[PDB]
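Worksheet: one structure, shown below.
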Amino acid sequence: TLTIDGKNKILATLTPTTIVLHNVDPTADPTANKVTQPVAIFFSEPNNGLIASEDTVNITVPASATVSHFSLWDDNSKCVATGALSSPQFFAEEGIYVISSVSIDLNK
Amino acid sequence: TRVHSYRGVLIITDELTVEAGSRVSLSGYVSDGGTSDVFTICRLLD
């Protein structure tokens with residue numbers, strides 16, 4: 001397995017910059033179901049093989065939309081991480097989604 | 001009396017995290033020679 005020192009070095013190159021929400025699990029064809037806009041997200045320096053978001057980000061979800069999954073698109077338009085939310089939520093009207101904290105972790 | 005109400009926006013908060021793992025696999029064995037070129041019998045001399 002990798003070392004704590006090894007994980008910290010490797011994580012310093014992912015550098016996610018933007019986050020996009022999805023309605024269907026974006027496994028394969030990540031360019032589809034791009035419900036929201038690429039809101040920017042900032043990550044901190046690696047520490048014990050773990051990066052965390054620097055601050056809370058707000059997602060401007062459009063009206064009459066359903067979001068269940070997300071994706072962390074990097075600088076060079078690559079989907080580096082998929083993922084599901086707590087529960088599929090229906091934004092029947094205009095609203096904003098609050099992402100309190102998103103953390104990428106390799107200690108598993 | 002009015003009783004008139006208002007309406008807001010749907011605000012939700014969730015914490016999402018995706019993780020992965022790593023494993024290193026190695027296969028080695030004690031050297032018993034090695035793939036050589038021109039494997040022929042030899043007669044050394046000093």
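Here, A, B, ... name the chains of the structure tokens in the order displayed, residue numbers run from 1 inside each chain, and ligands are numbered from 1 in the same displayed order.
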Would you give me, as a PyMOL selection string, the residues of chain A that come within 8 Å of chain B, using only C-alpha atoms? chain A and resi 1-2+81-86+91+93-108
Enumerate as an NGL selection string all residues of range 4-106 of chain A assigned to helix (DSSP H, G or I) by DSSP on the backbone, naming them with the chain letters and numbers the document uses. :A and (4-11)
Counting only C-alpha atoms, what is within 12 Å of residue 18 in chain A, bar same-chain residues fewer than 4 positions away, as a PDB file with N, CA and C atoms, in the first residue's frame?
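Okay, this is what ended up in part_38.pdb:
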ATOM      1  N   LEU A  14      -4.396  16.465  -8.175  1.00  0.00           N
ATOM      2  CA  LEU A  14      -5.776  16.371  -8.639  1.00  0.00           C
ATOM      3  C   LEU A  14      -6.374  17.754  -8.850  1.00  0.00           C
ATOM      4  N   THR A  36     -26.735  21.762 -13.586  1.00  0.00           N
ATOM      5  CA  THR A  36     -26.339  23.089 -13.132  1.00  0.00           C
ATOM      6  C   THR A  36     -25.162  23.638 -13.930  1.00  0.00           C
ATOM      7  N   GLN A  37     -24.649  24.789 -13.515  1.00  0.00           N
ATOM      8  CA  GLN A  37     -23.506  25.438 -14.129  1.00  0.00           C
ATOM      9  C   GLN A  37     -22.236  25.073 -13.373  1.00  0.00           C
ATOM     10  N   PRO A  38     -21.076  25.152 -14.021  1.00  0.00           N
ATOM     11  CA  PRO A  38     -19.829  24.787 -13.337  1.00  0.00           C
ATOM     12  C   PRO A  38     -19.419  25.802 -12.283  1.00  0.00           C
ATOM     13  N   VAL A  39     -20.025  25.722 -11.104  1.00  0.00           N
ATOM     14  CA  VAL A  39     -19.634  26.578  -9.991  1.00  0.00           C
ATOM     15  C   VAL A  39     -18.248  26.173  -9.508  1.00  0.00           C
ATOM     16  N   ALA A  40     -17.435  27.168  -9.170  1.00  0.00           N
ATOM     17  CA  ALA A  40     -16.067  26.926  -8.745  1.00  0.00           C
ATOM     18  C   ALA A  40     -16.025  26.440  -7.302  1.00  0.00           C
ATOM     19  N   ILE A  41     -15.111  25.511  -7.036  1.00  0.00           N
ATOM     20  CA  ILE A  41     -14.899  24.971  -5.699  1.00  0.00           C
ATOM     21  C   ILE A  41     -13.403  24.970  -5.413  1.00  0.00           C
ATOM     22  N   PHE A  42     -13.036  25.372  -4.197  1.00  0.00           N
ATOM     23  CA  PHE A  42     -11.639  25.522  -3.800  1.00  0.00           C
ATOM     24  C   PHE A  42     -11.291  24.434  -2.796  1.00  0.00           C
ATOM     25  N   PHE A  43     -10.133  23.809  -2.982  1.00  0.00           N
ATOM     26  CA  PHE A  43      -9.644  22.772  -2.088  1.00  0.00           C
ATOM     27  C   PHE A  43      -8.353  23.214  -1.410  1.00  0.00           C
ATOM     28  N   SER A  53     -12.745  21.012   1.300  1.00  0.00           N
ATOM     29  CA  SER A  53     -13.115  22.273   0.676  1.00  0.00           C
ATOM     30  C   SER A  53     -12.768  23.441   1.590  1.00  0.00           C
ATOM     31  N   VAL A  57     -19.820  26.376  -0.708  1.00  0.00           N
ATOM     32  CA  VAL A  57     -20.173  26.841  -2.045  1.00  0.00           C
ATOM     33  C   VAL A  57     -21.678  26.686  -2.217  1.00  0.00           C
ATOM     34  N   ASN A  58     -22.280  27.601  -2.970  1.00  0.00           N
ATOM     35  CA  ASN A  58     -23.713  27.574  -3.235  1.00  0.00           C
ATOM     36  C   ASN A  58     -23.937  27.244  -4.705  1.00  0.00           C
ATOM     37  N   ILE A  59     -24.851  26.316  -4.971  1.00  0.00           N
ATOM     38  CA  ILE A  59     -25.120  25.838  -6.321  1.00  0.00           C
ATOM     39  C   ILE A  59     -26.459  26.409  -6.766  1.00  0.00           C
ATOM     40  N   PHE A  70     -23.395  14.288  -8.293  1.00  0.00           N
ATOM     41  CA  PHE A  70     -22.504  15.405  -8.566  1.00  0.00           C
ATOM     42  C   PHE A  70     -21.253  14.888  -9.262  1.00  0.00           C
ATOM     43  N   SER A  71     -20.350  15.812  -9.589  1.00  0.00           N
ATOM     44  CA  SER A  71     -19.081  15.463 -10.217  1.00  0.00           C
ATOM     45  C   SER A  71     -18.116  16.626 -10.047  1.00  0.00           C
ATOM     46  N   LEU A  72     -16.857  16.315  -9.752  1.00  0.00           N
ATOM     47  CA  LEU A  72     -15.824  17.335  -9.580  1.00  0.00           C
ATOM     48  C   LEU A  72     -14.951  17.431 -10.830  1.00  0.00           C
ATOM     49  N   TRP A  73     -15.363  18.307 -11.743  1.00  0.00           N
ATOM     50  CA  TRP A  73     -14.585  18.558 -12.945  1.00  0.00           C
ATOM     51  C   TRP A  73     -13.370  19.415 -12.617  1.00  0.00           C
ATOM     52  N   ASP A  74     -12.205  19.001 -13.112  1.00  0.00           N
ATOM     53  CA  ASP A  74     -10.967  19.720 -12.827  1.00  0.00           C
ATOM     54  C   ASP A  74     -10.769  20.869 -13.805  1.00  0.00           C
ATOM     55  N   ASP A  75      -9.570  21.449 -13.820  1.00  0.00           N
ATOM     56  CA  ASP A  75      -9.256  22.548 -14.726  1.00  0.00           C
ATOM     57  C   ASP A  75      -9.382  22.143 -16.191  1.00  0.00           C
ATOM     58  N   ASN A  76      -8.807  21.000 -16.566  1.00  0.00           N
ATOM     59  CA  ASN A  76      -8.805  20.588 -17.962  1.00  0.00           C
ATOM     60  C   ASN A  76      -9.987  19.683 -18.290  1.00  0.00           C
ATOM     61  N   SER A  77     -11.191  20.113 -17.907  1.00  0.00           N
ATOM     62  CA  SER A  77     -12.453  19.473 -18.273  1.00  0.00           C
ATOM     63  C   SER A  77     -12.432  17.952 -18.165  1.00  0.00           C
ATOM     64  N   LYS A  78     -11.936  17.423 -17.049  1.00  0.00           N
ATOM     65  CA  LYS A  78     -11.934  15.989 -16.791  1.00  0.00           C
ATOM     66  C   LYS A  78     -12.769  15.710 -15.550  1.00  0.00           C
ATOM     67  N   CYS A  79     -13.658  14.725 -15.646  1.00  0.00           N
ATOM     68  CA  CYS A  79     -14.431  14.286 -14.490  1.00  0.00           C
ATOM     69  C   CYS A  79     -13.572  13.353 -13.649  1.00  0.00           C
ATOM     70  N   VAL A  80     -13.089  13.846 -12.507  1.00  0.00           N
ATOM     71  CA  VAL A  80     -12.191  13.064 -11.663  1.00  0.00           C
ATOM     72  C   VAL A  80     -12.905  12.354 -10.522  1.00  0.00           C
ATOM     73  N   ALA A  81     -14.160  12.695 -10.241  1.00  0.00           N
ATOM     74  CA  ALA A  81     -14.859  12.074  -9.128  1.00  0.00           C
ATOM     75  C   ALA A  81     -16.360  12.223  -9.316  1.00  0.00           C
ATOM     76  N   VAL A 102     -17.051  19.276   0.968  1.00  0.00           N
ATOM     77  CA  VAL A 102     -16.757  18.094   0.166  1.00  0.00           C
ATOM     78  C   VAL A 102     -15.286  17.760   0.353  1.00  0.00           C
TER      79      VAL A 102
END
As a list in words, please: every residue in range 2-41 of chain B that a backbone DSSP assignment puts in strand (DSSP E or B). residues 13, 14, 15, 16, 17, 18 and 19 of chain B
Excluding residue 8 in chain A and any residue of its chain fewer than 3 positions from it, enumerate the residues within 6 Å of it, using only C-alpha atoms, and give them as a compact mmCIF listing (two decimals) with C-alpha atoms, in the first residue's frame.
# COMPACT_ATOMS: atom_id res chain seq x y z
CA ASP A 5 3.88 10.77 2.58
CA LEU A 11 -3.17 14.29 -3.97
CA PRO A 46 -3.23 17.64 1.21
CA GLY A 49 -4.05 11.85 2.59
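Using only C-alpha atoms, the smallest distance between any of A:31, A:66, A:47, A:56 and residue 4 in chain A comes from A:47.
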In Å, rounded to a single decimal, give me how far CA of residue 64 in chain A is from CA of residue 6 in chain B. 19.9 Å
So the first atom is CA of residue 61 in chain A and the second is CA of residue 21 in chain A; what is the distance between them in Å, to one decimal place? 8.5 Å
